[PDB]
Amino acid sequence: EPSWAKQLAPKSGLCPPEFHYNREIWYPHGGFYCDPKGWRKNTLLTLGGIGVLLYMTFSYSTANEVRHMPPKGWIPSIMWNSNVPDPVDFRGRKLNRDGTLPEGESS
Amino acid sequence: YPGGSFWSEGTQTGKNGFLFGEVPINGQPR
Amino acid sequence: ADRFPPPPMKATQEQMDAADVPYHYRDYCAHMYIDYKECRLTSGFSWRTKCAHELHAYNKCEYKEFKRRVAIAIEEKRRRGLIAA
Amino acid sequence: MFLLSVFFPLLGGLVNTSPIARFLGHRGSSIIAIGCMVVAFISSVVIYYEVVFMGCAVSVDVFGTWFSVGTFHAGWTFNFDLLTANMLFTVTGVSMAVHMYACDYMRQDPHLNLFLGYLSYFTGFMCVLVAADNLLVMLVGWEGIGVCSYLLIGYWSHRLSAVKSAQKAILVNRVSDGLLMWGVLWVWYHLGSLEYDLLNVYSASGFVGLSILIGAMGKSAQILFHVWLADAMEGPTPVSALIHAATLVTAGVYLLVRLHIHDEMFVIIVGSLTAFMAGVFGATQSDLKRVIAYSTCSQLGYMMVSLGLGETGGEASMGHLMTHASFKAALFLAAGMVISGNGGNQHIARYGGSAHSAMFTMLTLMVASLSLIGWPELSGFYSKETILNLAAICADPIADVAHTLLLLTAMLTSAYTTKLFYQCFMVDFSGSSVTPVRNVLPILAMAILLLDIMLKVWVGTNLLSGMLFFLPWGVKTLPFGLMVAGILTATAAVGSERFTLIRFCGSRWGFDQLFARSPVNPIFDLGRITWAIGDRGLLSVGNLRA
Amino acid sequence: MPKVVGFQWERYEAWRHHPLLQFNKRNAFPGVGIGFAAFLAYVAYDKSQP
Amino acid sequence: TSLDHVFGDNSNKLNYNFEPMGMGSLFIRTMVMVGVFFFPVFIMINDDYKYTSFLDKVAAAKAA
Amino acid sequence: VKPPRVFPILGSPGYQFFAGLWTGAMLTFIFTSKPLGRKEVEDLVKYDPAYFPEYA
Amino acid sequence: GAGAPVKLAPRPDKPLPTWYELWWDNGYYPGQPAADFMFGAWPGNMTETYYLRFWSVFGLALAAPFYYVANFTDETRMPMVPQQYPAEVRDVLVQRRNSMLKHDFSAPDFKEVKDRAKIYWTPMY
Amino acid sequence: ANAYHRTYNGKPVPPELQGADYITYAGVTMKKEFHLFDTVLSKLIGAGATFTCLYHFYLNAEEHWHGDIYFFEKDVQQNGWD
Amino acid sequence: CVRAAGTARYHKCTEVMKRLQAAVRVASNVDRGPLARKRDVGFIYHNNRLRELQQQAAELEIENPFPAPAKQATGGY
Amino acid sequence: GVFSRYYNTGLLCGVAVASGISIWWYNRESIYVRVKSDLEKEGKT
Amino acid sequence: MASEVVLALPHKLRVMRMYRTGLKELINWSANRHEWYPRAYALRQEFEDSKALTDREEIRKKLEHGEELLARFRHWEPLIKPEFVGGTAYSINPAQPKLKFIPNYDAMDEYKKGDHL
Amino acid sequence: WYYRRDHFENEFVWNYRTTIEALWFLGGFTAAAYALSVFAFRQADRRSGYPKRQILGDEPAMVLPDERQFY
Amino acid sequence: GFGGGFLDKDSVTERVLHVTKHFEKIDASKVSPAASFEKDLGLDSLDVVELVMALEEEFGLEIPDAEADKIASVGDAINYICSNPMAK
Ligand SMILES: CCCCCCCCCCCC(=O)SCCNC(=O)CCNC(=O)[C@H](O)C(C)(C)COP(=O)(O)O
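The sections below set out a description of the structure shown in this document. (Residues numbered from 1 in each chain as written, not as in the entry; some residues may be left out. Chains lettered and ligands numbered in written order. Part of a larger assembly, values for the part shown. Heavy atoms only, no water.)

**Things to note about the overall build of chain N**
Here's step 1: A tally of helices and strands in chain N yields 5 helices and 0 strands.
Here's step 2: Secondary structure elements of chain N, listed N to C terminal, follow the sequence α-α-α-α-α.
Here's step 3: In summary, chain N has a C-alpha radius of gyration of 13 Å against a globular reference of 12 Å for 88 residues, a match within 12%.
Here's step 4: The long-range share in chain N, meaning contacts at least 24 apart out of those at least 6 apart in sequence, stands at 58%.
Here's step 5: For chain N, the exposed area adds up to about 4000 Å²; of that, 52% sits on carbon and sulfur atoms.
Here's step 6: Measuring between centres, the 8 positive side-chain charges of chain N sit 6 Å from its 18 negative side-chain charges. (Helix = DSSP H or I, 4+ residues; strand = E, 2+ residues; numbered from the N terminus. Rg over C-alpha atoms; globule rule 2.2 N^0.38 Å. Contact = heavy atoms within 4.5 Å. Areas by Shrake-Rupley, 256 points an atom, 1.4 Å probe, with all protein chains shown as cover. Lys, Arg positive; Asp, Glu negative; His and termini not counted. Charge placed at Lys NZ, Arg CZ, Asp CG, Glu CD.)

Printed below as a string of structure tokens:
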């Protein structure tokens, strides 16, 4: 058995024991049935990075939003965006930022 | 599934493949 | 079309713009279309219940329009001679 | 929330294909893919709700321009209208369940994470295509989903048939893409801009519609371009499901609906012919996957006819796409579950009984079959009946042929679908494999598909459903009776004596054989003639020996 | 009219007709009865009397 | 050869002669391909022919 | 050819005769429906004096 | 269930054909040509002559109704005129060549409307 | 392993493989088994689909039994025109 | 204009579309080069040739072999 | 599949019956007349 | 007609392969094995009507006619087990053949890893 | 095989087939592309309001329309 | 488990014997390991072909034609199975 084999990990428990796959190949993705030891901590860190990038793209998306026409009614985009124009209904009555009929014609 | 669960301990330690085929020697930096 | 002229339009261009009506629906039943759209696009799940009257009115107006179109076709055929008079 | 619908699957796929995946494993890759799909699905649901119900279109400046040389200006810009919102919602809802199923189906595959990453790339590039405001980004999405399909079909790089099928599909789609590029050239030269909102046409030079429709038919696997679709079953079940539900096949029809610059006669003729061919193809086979693919082709033809009918027909076609995707993916997933319970058997003649598979899979297949065949008061029922009624009132005498052809096609659809269910469960058992897999995730994916199917009925796709069009009572009941006739004939499972017609129908009309030697072997011979005869011959300059 | 010639196959794989290897009609249409009962209750509660 | 008794030996031989196609058939199919896949050329040329026929009739009638 | 044991009634001759009856009837309805529909729609309005009194 | 044993492709041992660049050898048996059906047997042993003979009638059988309906029946077949719209509204809708409203034979300028609806291919200068 | 075990040669069926949990036919044994979550979810989805179809149909039964032409002409004759 | 108008674009952003098409035509055809044919985004040469051919055929007392000229082909011209 | 001459006879009989049904449909009274007559039947309850 | 290799088979072997492939095709044209059983019995019986044939000319006539019948009836979509030749599961994922590995190639013979000229 | 294909030049001959193929395809499609180019050039000239232009060997005529003239 | 893709001798023998006894002409006591088909069991060529197909079904195998032609006795078939890594 060659010297460098001792640095190599064995076949994973996921891998079929009757399979040989020339374990020495460095694969861009991990190779065959790859399953590291501290994998859950890696997963949590990956999710943290996912969330950070999510926040960055969320901020950029809210920044670069262009609304060319008033919406037809209440939308959740109001709660995180103030650039959203005040809605105008189908009948043309301007509506408040809560999407309800204003006084004089309401109730 | 190892350990009979999806939340079981890992199974792999060591070097997964040799990038560029560069292999460590006696712990000396490459 | 002279024998069965179209009825006057009860929906103006401005009203259709405000309702954001697709331009190929700007027919002789535009107001019914507008009311149906405004009702259904606000009801959530139970749209078939709380907007039944609006749908029925729109379909009744469309029934009138379809009858008018059929009558126009019949009159045109009779004038040209395709149908015995 | 807007850019989340596109960038998030792309980032997830990049992570899944990055060297970071080495440090995660298949468990982590599945977790990441499912989370990304769910988040993008939530964003898409919010966008759909706001756009469809409150009519708020939003345009995005993303990366500035892409390239602006001369009067040609191309920009990384994204706009979300009702069409884009519908496409994004449908694609995300499909691909989320597709990823859920793939996380379990390929659990014993070695390189699962690469499969997940390529699926995520496919979904992200579909989102890119639908997010396009101008034609260049549409082209980018077209070729990106093409590349992803090439990689996914050739996932099992150890089978030559899959490689051949992938190359054939790539070349056919490249023919369509050259046609589409020529059409784009014409569109820009005669319109001066690329944004769809800046494209309003009343009468073009014809070549616009012709070339665009040909390019679309290439992706939609219509007549003269459908041969690749059957061979795509060489790939894994999730790839076929995702491709046939809401991506790739839908892109051509999506482009046509977005454009509405076609010619009604050619559209109707092509759609009717393709639908008839798909219908006769689906009832004449014994591979389970090929039948469902041909059903996909038939529904594509239905949508083609609808969009050819008119603007209202186009919106009805879009709704038909929206309803078709869900149960198409459901049929693919149920077929995959049944196949896995049958030890990889992909042939109908070795099935039977209620022991091989779970109850939920059987019920899901039943519901999907009912919806697809237009069973009264169902998801496909509404769209199919709307298209039929709008096609029973067309002003084109050409359409009269199309109406009859589509009636026959729907009857055959019910026929082979009932035959499928009958061979799956009703017949006696005739195989050797029983491993009923009852894993939670694929069952939940089926549940999500069925819930979306329920939503498509309890909530209409557009305002067209419920708009009553005035037909004689027999005419409306006609497709119902046709489905009943298909039910009866299939439950009889009877056949004819005219065996020459059988051998013709089973061969897929020999189209593969025709294209094997009319263009292809002559291309090879032209290549040999050019090289040997010209270069080494006529163009050769020999040596002056001395 | 003898038919038992050359490895009669019906009897060879007759075990395929195992009752648990068959198509179960008990669960052929699950949830349908509850749906029918709910529909009846909804009709009687909403449309019939009020 | 260790798998021949499981998946077949190399006894059977492919019946292909590796020969170029029939000259006339090759020519006919090449022309068929050219016609099917270069239709815009013919459409434009026929448009020009119809246009020049219109001009010729106009010229013939306008000088009398 | 025997029918499936769990569904033996499907092999009955009457069932297949009925299936053929319905199939053929639907198949020819496919063609006969449209002109009858057009005539019916036309005479829905033709015989009405509200539009055409001369036809009563 | 990956890892199934697979037969290999033994290396050739006789002079190659001149045009051997059409047999796809991926290293595993069985190989295939460059494309299916290109040479050798076809599933069902059918021939191109068979399919040409069949299509010679099948194509015309499919095409015949198209020509008959496009050459012997007009818009008068439909018992109704298309959807009606006010003049200021219809005037833009019918401008589209694909628009179906052109088939209203009751239109005041019906023949003129159909006259504009013809399709050209080469843009005229 | 396989949910169906095959005995062959009339072998005595294993005693451990007999009971209410095993049902044999033609010497071949299959197991009577039940899955809770699967059956419950199947019942839920089936009931949802059935109720959906039933209620959608009941809301639109008149527009099916009689024609739209018939129903709307009946409404016009009986319940006015405007 | 297009994104502000929405549905009403077919009677609201005609003039700006005409302006933009005119600008594109000026950018292209002016100093077009030695080999480039002239470009009409609004199909203006097409329909003007169509009208001239219609008039010529009317003078010619024969049936038109070409489509009747269109009032406008785009959302602009 | 299966070869049932009963299916053939059913197909032919269905063809004939549906042709007869079409003939029956061709001579029916006007839908307007039918509705008015039914409303006469509905006005006497 | 059969292929040239089958033409070389012994009369017993030729007829055996004929009957075997006929059963295979009957499965291939069958809706189910259950449909295939009576067809199998009839096919077995038909050969039983030819058991006592001696005149080799008529034997050859019957064999040739049956071979032509079978050749006319080659199924386009044969029923194959998934992991055999022509099956869908064949050649999916094989074991990696042994491949030698070269460690630290750049480290060897440095400054002299270019190209001769 | 690879030597033969890299040294295939020794296999050329003026047989019946080679000559037929060379004339009908190579030179024929050369002529087709040439005529197509001529047609495209003349049509582009006509679509820009230009008179006949002098191609190589076309008698003295107008070349290079002036930028200072409106055609 | 056992075997490098191969099953045991004993279950193979038992399955082969159980398949073998499915003939009216066959007396059970005369079936045994390595038994002549024609000379001992008195089964015709059609019977041998049927038995080959039946064993192919039982073990889920697609036997090549030449190997099937080599099959002429019980022991030959059993040893052939004992060479198959593809038999279930
Ligand atoms: C879809 C179906 C298509 C048509 C399929 C073909 C149907 C036609 C079949 C009818 C023609 C025949 O039977 S083919 C005629 C076969 N019979 C003979 O040739 C005479 C006997 N000669 C012998 O050598 C042996 O007895 C022999 C029995 C051959 C070997 O059995 P054993 O070695 O045990 O001894």
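On we go.
**A look at the site of the ligand**
Here's step 1: Within the structure, the ligand sits among L:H11, L:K12, L:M18, L:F47, L:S50, L:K51, L:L53, L:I59, L:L69, L:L70, N:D44 and N:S45.
Here's step 2: Mapping the residues near the ligand onto chains gives chains L and N.
Here's step 3: Contact between the ligand and L:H11: an oxygen atom at 2.9 Å from a side-chain N or O atom of the residue.
Here's step 4: L:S50 is positioned with one of its backbone polar atoms (N or O) 3.0 Å from a nitrogen atom of the ligand.
Here's step 5: Coverage of the ligand by the protein amounts to 76% of the 840 Å² it exposes when considered alone.
Here's step 6: Residue assignment for the shell around the ligand shows that the elements contributing at least two residues are helix 2 (11–29) and helix 4 (56–72) of chain L.
Here's step 7: Tallied by class, residues from the shell around the ligand come to 6 nonpolar, 3 polar and 3 charged. (Near = heavy atom within 4 Å. Polar contact = N/O pair within 3.5 Å; in protein donor to acceptor, adjacent residues only side chain to side chain. Nonpolar A, V, L, I, M, F, W, Y, C, P; charged D, E, K, R; others polar.)

**A word on the interface of chain D and chain H**
Accessible area lost upon the coming together of the parts is a frequently used measure of interface size.
Here's step 1: Across the contact, 52 residues belong to chain D and 43 residues belong to chain H.
Here's step 2: Taken over both partners, the interface formed by chain D and chain H buries close to 4700 Å², and the fraction arising from carbon and sulfur atoms is 67%.
Here's step 3: When residues of chain D are sorted by the area they lose upon contact with chain H, D:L160, D:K164 and D:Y202 head the list and together hold 15% of the total.
Here's step 4: Where chain D touches chain H, the interface holds 3 salt bridges. (Buried area = accessible area lost by both parts, 1.4 Å probe. Salt bridge = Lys/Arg side-chain N within 4 Å of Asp/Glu carboxyl O.)

**Digging into the packing of aromatic side chains**
Here's step 1: The final tally for this structure, using the stated rule, is 93 aromatic pairs over all chains.
Here's step 2: Centre to centre, the rings of F:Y16 and F:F18 are 4.4 Å apart; their planes meet at 40 degrees, and the pair counts as tilted. The burial state of F:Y16 is the same as that of F:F18; both residues are buried.
Here's step 3: Note on H:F54 and H:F58: the rings are 5.8 Å apart at their centroids and 45 degrees apart in plane angle, and the pair reads as tilted. Residue H:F54 and its partner H:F58 are both found in helix 1 (residues 48–72); the two are separated by 4 residues, about one turn of the helix.
Here's step 4: H:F54 gets classed as partly exposed once you look at its relative accessible area, which sits at 22%.
Here's step 5: Among the aromatic residues, those joined into a cluster by ring pairs are D:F281, D:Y294, D:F504, D:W509, D:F511, H:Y50, H:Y51, H:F54, H:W55 and H:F58.
Here's step 6: Taking the ring centre of I:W81 as reference, the NZ or CZ of C:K64 above it sits at 5.9 Å.
Here's step 7: Lying across the ring of L:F73, D:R503 places its NZ or CZ 5.6 Å from the centre. (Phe/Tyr/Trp six-rings, centres within 6.5 Å; stacked < 30°, edge-to-face > 60°. Buried < 20%, exposed > 50% of the residue type's maximum accessible area, 1.4 Å probe, protein only. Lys NZ or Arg CZ within 6 Å of the ring centre and 35° of its normal.)

**Points about the sheet that holds strand 2 (residues 23–25) of chain I**
All names here are of chain I.
Here's step 1: One open sheet accounts for 3 strands, arranged 1-3-2; its pairing is antiparallel. The open sheet is flanked by strand 1 (4–6) and strand 2, the only strands paired with a single partner. The mean angle between the axes of side-by-side strands here comes to 25 degrees, regardless of whether they run parallel or antiparallel.
Here's step 2: Summarising the sheet, strand 1 and strand 3 (residues 28–30) pair through 3 bridges and their orientation is antiparallel. When the bridges of strand 3 are listed, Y4 appears paired with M30. (Pairing = 2+ DSSP bridges. Axes fitted to C-alpha atoms, helices over the stretch in contact; angles between N-to-C directions.)

**Some words on the state of the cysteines**
Here's step 1: Applying the stated rule across the entire model yields 3 disulfides over all chains.
Here's step 2: A sulfur-sulfur distance of 2.0 Å marks the disulfide that ties C:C29 to C:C61. Between C:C29 and C:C61 the disulfide shows an S-S torsion of about -90 degrees. By sign, it is left-handed. Separated by 32 residues along the polypeptide, C:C29 in the loop between helix 1 (13–18) and helix 2 (30–40) and C:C61 in helix 4 (residues 52–80) bring together distant segments of the chain. Exposure class is identical for C:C29 and C:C61. Each is buried.
Here's step 3: There is a disulfide in this structure between J:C1 and J:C13, and the S-S distance comes to 2.0 Å. Judged by the sign of its S-S torsion, about -95 degrees, the cystine formed by J:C1 and J:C13 is left-handed. Here J:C1 is found in the segment before helix 1 (2–5), whereas its partner J:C13 is found in the loop between helix 1 and helix 2 (14–29), with 12 residues between them in sequence.
Here's step 4: Owing to a relative accessible area of 53%, J:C1 belongs among the exposed residues under this scheme.
Here's step 5: For the unlinked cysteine D:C36, the closest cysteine sulfur is that of D:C103, found at 11 Å. (Disulfide = S-S within 2.5 Å.)

**What to know about helix 2 (residues 31–42) of chain K**
Here's step 1: With 12 residues, helix 2 of chain K should reach 16 Å at 1.5 Å per residue; the first-to-last C-alpha distance of 16 Å fits that figure.
Here's step 2: Taken together, the buried positions of helix 2 of chain K are occupied by K:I31, K:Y32, K:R34, K:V35 and K:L39. The buried residues of helix 2 of chain K all sit within an arc of 160 degrees when viewed along its axis, so they share a single face.
Here's step 3: Elements that come into contact with the buried residues of helix 2 of chain K comprise helix 1 (13–46) of chain G together with helix 3 (68–78) of chain I.
Here's step 4: For helix 2 of chain K, the N-terminal cap is K:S30; the gap from its side-chain oxygen to the backbone nitrogen of K:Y32 is 3.3 Å. (Expected span 1.5 Å × (residues − 1). Arc of directions from axis to C-beta.)

**So, a nonpolar patch on the surface**
All names here are of chain F.
Here's step 1: Taken together, the side chains of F27, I28, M31, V32, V36, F37, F38 and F42 define a hydrophobic patch exposed on the protein surface, amounting to about 780 Å² of accessible area.
Here's step 2: For the nonpolar patch, the element with the most residues is helix 2 (residues 23–37), which contributes 6 residues.
Here's step 3: Looking at the secondary structure, you find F42 in helix 3 (residues 39–62). (Patch = residues over 30% accessible without salt bridge, like charges linked within 9 Å, V, L, I, M, F, W, Y side chains within 5 Å.)

**Brief notes about the side chain of D:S5**
Here's step 1: With respect to the helices, strands and loops of the structure, D:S5 is situated in helix 1 (residues 4–17).
Here's step 2: Side-chain polar atoms of D:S5 contact the backbone oxygen of D:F2, separated by 2.5 Å.

**Remarks on the pattern of salt bridges**
Here's step 1: Tallied over the full model, the rule gives 80 salt bridges over all chains.
Here's step 2: With a closest N to O distance of 3.8 Å, D:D400 and G:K34 form a salt bridge. Here the residue D:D400 occupies a position in helix 16 (residues 397–426), and G:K34 occupies one in helix 1, the pair thus bridging two chains.
Here's step 3: Residue D:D400 is classed as buried on the basis of its relative accessible area, which comes to 15%.
Here's step 4: Each of the salt bridges in this network shares a partner with another, and the network as a whole consists of L:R44, L:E48, L:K51, N:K25, N:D44, N:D47 and N:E50.

**Observations concerning the packing of helix 1 of chain D against helix 2 (residues 25–54) of chain D**
All names here are of chain D.
Here's step 1: As a packed pair, helix 1 and helix 2 sit with axes 8 Å apart at the nearest point and diverge in direction by 175 degrees. In terms of orientation, helix 1 and helix 2 fall into the roughly antiparallel class. Between helix 1, through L4, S5, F8, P9, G12 and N16, and helix 2, the contact on the second element is made entirely by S29, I32, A33, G35, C36, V39, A40, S43, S44 and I47.
Here's step 2: Residues belonging to the contact of helix 1 with helix 2 are distributed by class as follows: 9 nonpolar, 7 polar and no charged. (Parallel < 35°, antiparallel > 145°, perpendicular 65-115°, else oblique.)

**Notes on the nonpolar core**
Looking at soluble globular proteins, one finds that nonpolar side chains tend to be buried together.
Here's step 1: Within the largest apolar cluster, 185 residues are counted, with the highest numbers of intra-cluster contacts made by D:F78 and D:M138.
Here's step 2: Counting residues in each nonpolar core, the second largest holds 52 residues, with E:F7, L:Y41, N:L46 and N:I63 among its members. (Core = buried A, V, L, I, M, F, W, Y, C linked by side-chain atoms within 4.5 Å.)

**Considering the packing of helix 19 (residues 499–506) of chain D against helix 1 of chain H**
Here's step 1: The interhelical angle for the contact between helix 19 of chain D and helix 1 of chain H, taken along N-to-C directions, is 100 degrees, at an axis separation of 12 Å. In this view, helix 19 of chain D runs roughly perpendicular relative to helix 1 of chain H, as classed from their interaxial angle. Together, D:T500, D:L501, D:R503 and D:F504 of helix 19 of chain D and H:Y50, H:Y51, H:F54, H:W55 and H:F58 of helix 1 of chain H make up the contact between the two elements.
Here's step 2: Here the contact of helix 19 of chain D with helix 1 of chain H is composed, by residue class, of 7 nonpolar, 1 polar and 1 charged.

**So, the sheet that holds strand 1 (residues 58–69) of chain D**
Here's step 1: Across the sheet, 3 strands lie side by side as 1(A)-1(D)-2(D); this open sheet has antiparallel pairing. The strands lining the two open edges of the sheet, one partner per strand, are strand 1 (65–67) of chain A together with strand 2 (72–80) of chain D. Put simply, the sheet's adjacent strands are angled 45 degrees from each other on average, direction ignored.
Here's step 2: The sheet contact formed by strand 1 of chain D and strand 2 of chain D spans 8 bridges and is antiparallel. Each bridged residue has a counterpart across the sheet, and for D:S59 the counterpart in strand 2 of chain D is D:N79.
Here's step 3: Strand contacts of helix 5 (residues 135–153) of chain D: strand 1 and strand 2 of chain D, with the helix running at about 75 degrees to strand 2 of chain D, the strand carrying the most contacts.

**Overview of the arrangement of the chains**
Here's step 1: Among 45 pairs of chains with at least one contact, chains D and H form the most extensive contact set.
Here's step 2: In this structure chain C stays clear of chain E, and the shortest span between their C-alpha atoms is 12 Å.
Here's step 3: Contact between chain E and chain H is absent, and the least distance between their C-alpha atoms amounts to 25 Å.

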